[PDB]
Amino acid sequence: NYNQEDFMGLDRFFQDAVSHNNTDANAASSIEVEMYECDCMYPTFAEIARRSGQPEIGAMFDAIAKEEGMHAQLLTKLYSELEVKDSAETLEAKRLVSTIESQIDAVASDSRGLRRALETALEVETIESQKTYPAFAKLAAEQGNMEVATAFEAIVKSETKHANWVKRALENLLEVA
């Protein structure tokens, strides 16, 4: 059962935090992904938006990026000593970032570049808000880590808001008049 892969592999920018038995390790994985989104993924989407002639959508992605760093920093405050390193999958994503950056004028000139960037943002925001962070919050609570559970609950709310922002932006982008 073969499906075509997305235009320029843009879907592979989405990175999911990894599930563990221990809430520290879920936190470490979250920090890693949220900082990748803050540092790498959303800034690249922002530049695709600007180069596409969509500076308002670019500003949205810059605003979201800052918030991803807030999520990371909330967790790092709770886990002051944790040493976060990029996994093989994050490193591969950062390589894809760099290859798209090198081709950024071609990606932006095609209407699909920004469309797929917004659809990929929607994909992560949906998975993180509806699946990954609820599961981390639930496990934190089960383990008696109330402060971390409450942090994950706040990140769930925030990622939900990002999903809504991204859907309204996508609805805009596509509607010409």
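Numbering starts at 1 and runs along the sequence shown.
A.B. asks: So 48 to 56 or 29 to 37, which one's hotter by mean CA B-factor in the entry?
C.D. replies: Comparing 48 to 56 with 29 to 37, the higher mean C-alpha B-factor belongs to 48 to 56.
A.B. asks: Could you check the entry and say whether 87 to 95 or 69 to 77 has the higher mean CA B-factor?
C.D. replies: 87 to 95 has the higher mean C-alpha B-factor.
A.B. asks: Relative to the other modelled residues of the same chain, rank the CA B-factor of residue 150 and answer lowest, middle or highest third.
C.D. replies: For residue 150, the deposited C-alpha B-factor lands in the lowest third.
A.B. asks: Which third, lowest, middle or highest, does the CA B-factor of residue 108 fall in along this chain?
C.D. replies: As the PDB entry reports it, the C-alpha B-factor of residue 108 lands in the highest third of its chain.
A.B. asks: Compare the C-alpha B factor of residue 156 with those of the other modelled residues in its chain, then answer lowest, middle or highest third.
C.D. replies: According to the entry, residue 156 has a C-alpha B-factor in the chain's lowest third.
A.B. asks: Determine, from the deposited record, the chain-internal third of the Cα B-factor for residue 17: lowest, middle or highest.
C.D. replies: Residue 17: CA B-factor falls in the middle third of its chain.
A.B. asks: Lowest, middle or highest third: which one holds residue 169 when the chain's residues are ordered by CA B-factor from the entry?
C.D. replies: Its C-alpha B-factor, which the entry lists for residue 169, ranks in the middle third among residues of this chain.
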